[PDB]
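Here is entry.cif, consisting of mmCIF, C-alpha atoms:
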data_model
loop_
_atom_site.group_PDB
_atom_site.id
_atom_site.type_symbol
_atom_site.label_atom_id
_atom_site.label_comp_id
_atom_site.auth_asym_id
_atom_site.auth_seq_id
_atom_site.Cartn_x
_atom_site.Cartn_y
_atom_site.Cartn_z
ATOM 1 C CA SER A 204 0.000 0.000 0.000
ATOM 2 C CA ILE A 205 0.966 3.662 -0.513
ATOM 3 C CA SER A 206 3.873 2.666 -2.778
ATOM 4 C CA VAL A 207 2.598 4.266 -6.004
ATOM 5 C CA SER A 208 -0.877 3.102 -5.019
ATOM 6 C CA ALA A 209 -3.046 6.125 -5.814
ATOM 7 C CA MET A 210 -1.166 6.645 -9.056
ATOM 8 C CA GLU A 211 -2.470 9.901 -10.533
ATOM 9 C CA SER A 212 -5.926 9.869 -8.959
ATOM 10 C CA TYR A 213 -6.193 13.547 -9.808
ATOM 11 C CA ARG A 214 -5.172 14.121 -13.427
ATOM 12 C CA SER A 215 -7.639 16.504 -15.035
ATOM 13 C CA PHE A 216 -10.470 18.454 -13.382
ATOM 14 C CA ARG A 217 -11.319 17.574 -9.787
ATOM 15 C CA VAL A 218 -10.921 20.141 -7.054
ATOM 16 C CA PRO A 219 -7.864 19.747 -4.728
ATOM 17 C CA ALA A 220 -7.785 16.648 -2.534
ATOM 18 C CA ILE A 221 -9.978 16.682 0.552
ATOM 19 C CA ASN A 222 -12.133 19.693 -0.266
ATOM 20 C CA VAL A 223 -15.864 20.498 -0.216
ATOM 21 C CA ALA A 224 -17.105 18.199 2.562
ATOM 22 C CA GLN A 225 -16.625 18.654 6.298
ATOM 23 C CA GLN A 226 -14.030 21.204 5.319
ATOM 24 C CA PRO A 227 -14.797 24.703 3.923
ATOM 25 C CA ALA A 228 -14.920 24.604 0.126
ATOM 26 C CA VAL A 229 -11.727 26.354 -0.914
ATOM 27 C CA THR A 230 -10.343 27.207 -4.337
ATOM 28 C CA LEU A 231 -7.563 25.429 -6.240
ATOM 29 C CA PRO A 232 -4.591 23.769 -4.352
ATOM 30 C CA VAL A 233 -4.235 25.116 -0.831
ATOM 31 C CA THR A 234 -1.440 27.322 0.551
ATOM 32 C CA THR A 235 1.450 26.033 2.749
ATOM 33 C CA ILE A 236 -1.145 23.700 4.266
ATOM 34 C CA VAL A 237 -0.721 20.818 1.833
ATOM 35 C CA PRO A 238 -3.792 18.581 1.287
ATOM 36 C CA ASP A 239 -3.661 14.791 1.624
ATOM 37 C CA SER A 240 -2.872 14.356 -2.077
ATOM 38 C CA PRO A 241 -1.396 11.211 -3.739
ATOM 39 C CA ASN A 242 1.629 13.365 -4.572
ATOM 40 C CA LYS A 243 2.115 14.109 -0.877
ATOM 41 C CA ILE A 244 5.632 13.100 0.097
ATOM 42 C CA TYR A 245 7.071 13.070 3.614
ATOM 43 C CA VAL A 246 10.270 14.791 4.722
ATOM 44 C CA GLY A 247 12.022 13.776 7.933
ATOM 45 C CA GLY A 248 15.292 15.353 8.975
ATOM 46 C CA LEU A 249 15.097 19.117 8.664
ATOM 47 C CA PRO A 250 17.096 21.671 10.687
ATOM 48 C CA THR A 251 15.012 23.605 13.209
ATOM 49 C CA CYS A 252 16.490 26.859 11.877
ATOM 50 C CA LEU A 253 15.847 25.872 8.251
ATOM 51 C CA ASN A 254 13.454 27.978 6.184
ATOM 52 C CA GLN A 255 11.165 27.198 3.263
ATOM 53 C CA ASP A 256 13.568 29.244 1.145
ATOM 54 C CA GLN A 257 16.430 26.814 1.661
ATOM 55 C CA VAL A 258 14.130 23.824 2.063
ATOM 56 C CA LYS A 259 12.408 24.275 -1.300
ATOM 57 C CA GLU A 260 15.671 24.467 -3.255
ATOM 58 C CA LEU A 261 16.456 20.955 -2.078
ATOM 59 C CA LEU A 262 12.892 19.676 -2.405
ATOM 60 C CA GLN A 263 12.387 21.149 -5.883
ATOM 61 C CA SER A 264 15.935 20.112 -6.845
ATOM 62 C CA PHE A 265 14.411 17.211 -8.761
ATOM 63 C CA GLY A 266 11.034 18.575 -9.723
ATOM 64 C CA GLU A 267 8.963 21.653 -9.145
ATOM 65 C CA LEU A 268 6.979 21.846 -5.927
ATOM 66 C CA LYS A 269 3.215 22.159 -5.900
ATOM 67 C CA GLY A 270 3.280 23.038 -2.237
ATOM 68 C CA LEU A 271 4.823 22.055 1.079
ATOM 69 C CA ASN A 272 3.919 22.339 4.744
ATOM 70 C CA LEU A 273 6.836 23.146 7.011
ATOM 71 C CA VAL A 274 5.383 22.454 10.439
ATOM 72 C CA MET A 275 6.736 24.975 12.905
ATOM 73 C CA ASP A 276 6.378 24.888 16.657
ATOM 74 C CA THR A 277 4.844 28.187 17.723
ATOM 75 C CA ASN A 278 6.465 28.090 21.165
ATOM 76 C CA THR A 279 9.970 27.788 19.761
ATOM 77 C CA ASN A 280 9.197 29.639 16.538
ATOM 78 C CA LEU A 281 11.231 26.878 14.913
ATOM 79 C CA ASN A 282 10.502 23.895 12.670
ATOM 80 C CA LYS A 283 9.745 20.431 14.025
ATOM 81 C CA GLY A 284 12.275 18.942 11.629
ATOM 82 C CA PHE A 285 9.812 17.260 9.306
ATOM 83 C CA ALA A 286 7.500 18.385 6.519
ATOM 84 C CA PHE A 287 5.305 17.282 3.625
ATOM 85 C CA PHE A 288 5.458 18.427 0.016
ATOM 86 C CA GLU A 289 3.337 17.791 -3.034
ATOM 87 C CA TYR A 290 4.932 17.543 -6.464
ATOM 88 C CA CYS A 291 3.248 19.463 -9.269
ATOM 89 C CA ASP A 292 3.705 17.484 -12.495
ATOM 90 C CA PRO A 293 7.253 15.997 -12.397
ATOM 91 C CA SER A 294 7.980 12.572 -13.873
ATOM 92 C CA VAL A 295 11.018 12.593 -11.588
ATOM 93 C CA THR A 296 8.819 12.184 -8.467
ATOM 94 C CA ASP A 297 10.069 8.595 -7.944
ATOM 95 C CA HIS A 298 13.680 9.626 -8.603
ATOM 96 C CA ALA A 299 13.222 12.506 -6.174
ATOM 97 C CA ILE A 300 12.208 10.178 -3.357
ATOM 98 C CA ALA A 301 15.337 8.205 -4.217
ATOM 99 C CA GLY A 302 17.870 10.991 -4.653
ATOM 100 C CA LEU A 303 16.567 13.518 -2.140
ATOM 101 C CA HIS A 304 16.162 10.650 0.345
ATOM 102 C CA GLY A 305 19.459 11.876 1.763
ATOM 103 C CA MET A 306 20.372 15.070 -0.057
ATOM 104 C CA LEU A 307 21.097 18.035 2.179
ATOM 105 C CA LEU A 308 23.854 20.627 1.948
ATOM 106 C CA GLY A 309 26.679 20.095 4.399
ATOM 107 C CA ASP A 310 26.901 17.036 6.623
ATOM 108 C CA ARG A 311 23.164 16.888 7.222
ATOM 109 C CA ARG A 312 20.515 14.838 5.451
ATOM 110 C CA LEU A 313 16.741 14.490 5.296
ATOM 111 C CA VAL A 314 14.515 11.472 4.777
ATOM 112 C CA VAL A 315 12.038 11.288 1.912
ATOM 113 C CA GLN A 316 9.165 8.824 2.224
ATOM 114 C CA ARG A 317 5.882 8.409 0.374
ATOM 115 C CA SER A 318 2.803 9.242 2.426
ATOM 116 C CA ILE A 319 0.423 8.504 -0.419
ATOM 117 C CA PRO A 320 -3.152 8.110 0.858
ATOM 118 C CA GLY A 321 -3.783 5.164 -1.416
ATOM 119 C CA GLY A 322 -5.024 1.970 0.156
ATOM 120 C CA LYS A 323 -5.200 -0.229 -2.943
ATOM 121 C CA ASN A 324 -6.686 -3.187 -1.105
ATOM 122 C CA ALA A 325 -7.181 -4.945 -4.433
#
This entry written out as C-alpha cells:
Amino acid sequence: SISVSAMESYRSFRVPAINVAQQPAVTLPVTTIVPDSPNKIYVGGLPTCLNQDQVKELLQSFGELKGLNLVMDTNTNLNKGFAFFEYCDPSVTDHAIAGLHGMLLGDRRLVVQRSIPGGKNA
C-alpha cells in the first residue's frame, strides 16, 4: 500500500484533494497547508532553523513543488524537523524520493518517504 498506489488519482479536473465536505470549500490547491494528495511526500530530517527558502531548493531540486507544509512549533518559533510536500507534475517524483532521500547541503541529510493516501486493497 501507498507505494505508487493512488497513481495519478487527480489528473484533469477535480478540485484539490480533501475539499468540499466537512471542510470549507476552498479554491484550487491550498497554501502552505498541503492537502492529503497522492503526490504528498514526507520529509524527515530538517534543521530547526531551516526555512522554506532553503528547504524548497532541495525539495524542488528534482522537480517543481506544488506546495509544502513546514510544520513549525509556535512556542519555539522553529521547525519540528519534518515536513510534507506535493509535487506538481514531475515525472522525476520517484527519482526525487530516491535521490533527495538523503540530499542536504553540508553534513546533514533528510529522509524522503511516500505518504500517499492510497489503500489499494485490491
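What the PyMOL selection byres ((chain A and resi 288) around 8) picks from this file is residues 237, 242, 243, 244, 245, 246, 262, 268, 269, 270, 271, 272, 286, 287, 289 and 290 of chain A.
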Around all of range 214-224 of chain A's listed atoms, make the axis-aligned box with 5 Å on each side and tell me centre and edge lengths in Å to one decimal, as lines of an AutoDock Vina configuration file.
center_x = -11.1
center_y = 17.3
center_z = -6.2
size_x = 21.9
size_y = 16.4
size_z = 27.6
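Omitting residue 238 in chain A and its sequence neighbours fewer than 2 positions away, and counting all atoms listed in the file, the residues within 9 Å are residues 219, 220, 221, 222, 232, 233, 236, 240, 243 and 289 of chain A.
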Can you write just those residues out, C-alpha atoms, as a PDB file, keeping the file's coordinate frame?
ATOM      1  CA  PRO A 219      -7.864  19.747  -4.728  1.00  0.00           C
ATOM      2  CA  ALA A 220      -7.785  16.648  -2.534  1.00  0.00           C
ATOM      3  CA  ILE A 221      -9.978  16.682   0.552  1.00  0.00           C
ATOM      4  CA  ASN A 222     -12.133  19.693  -0.266  1.00  0.00           C
ATOM      5  CA  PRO A 232      -4.591  23.769  -4.352  1.00  0.00           C
ATOM      6  CA  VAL A 233      -4.235  25.116  -0.831  1.00  0.00           C
ATOM      7  CA  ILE A 236      -1.145  23.700   4.266  1.00  0.00           C
ATOM      8  CA  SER A 240      -2.872  14.356  -2.077  1.00  0.00           C
ATOM      9  CA  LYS A 243       2.115  14.109  -0.877  1.00  0.00           C
ATOM     10  CA  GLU A 289       3.337  17.791  -3.034  1.00  0.00           C
TER      11      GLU A 289
END
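Minimum distance to residue 306 in chain A across A:318, A:282, A:277, A:264 (counting only C-alpha atoms) occurs at A:264.
Of the listed residues A:316, A:296, A:279, A:235, the one whose atoms come nearest to residue 210 in chain A is A:296, with distances taken using all atoms listed in the file.
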Legend entry - the PyMOL selection byres ((chain A and resi 302) around 12) applied to the shown file, residues as a PyMOL selection string: chain A and resi 261-266+295-301+303-307+312-316
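The space separating CA of residue 260 in chain A from CA of residue 284 in chain A comes to 16.2 Å.
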Inset, instruction - Take CA of residue 317 in chain A and CA of residue 285 in chain A and report the distance between them in Å, one decimal. - result: 13.2 Å
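Once the PyMOL selection byres ((chain A and resi 207) around 9) is applied to the shown structure, the selection contains residues 204, 205, 206, 208, 209, 210, 211, 241, 297, 317, 319 and 321 of chain A.
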Legend entry - Between CA of residue 320 in chain A and CA of residue 259 in chain A - distance in Å to one decimal: 22.5 Å
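Using only C-alpha atoms, the smallest distance between any of A:311, A:275, A:267, A:249 and residue 292 in chain A comes from A:267.
Minimum atom-to-atom distance to residue 252 in chain A, evaluated using all atoms listed in the file, belongs to A:281 out of A:274, A:231, A:291, A:281.
Distances from A:218, A:325, A:273, A:224 to residue 257 in chain A were compared using only C-alpha atoms, and the smallest one belongs to A:273.
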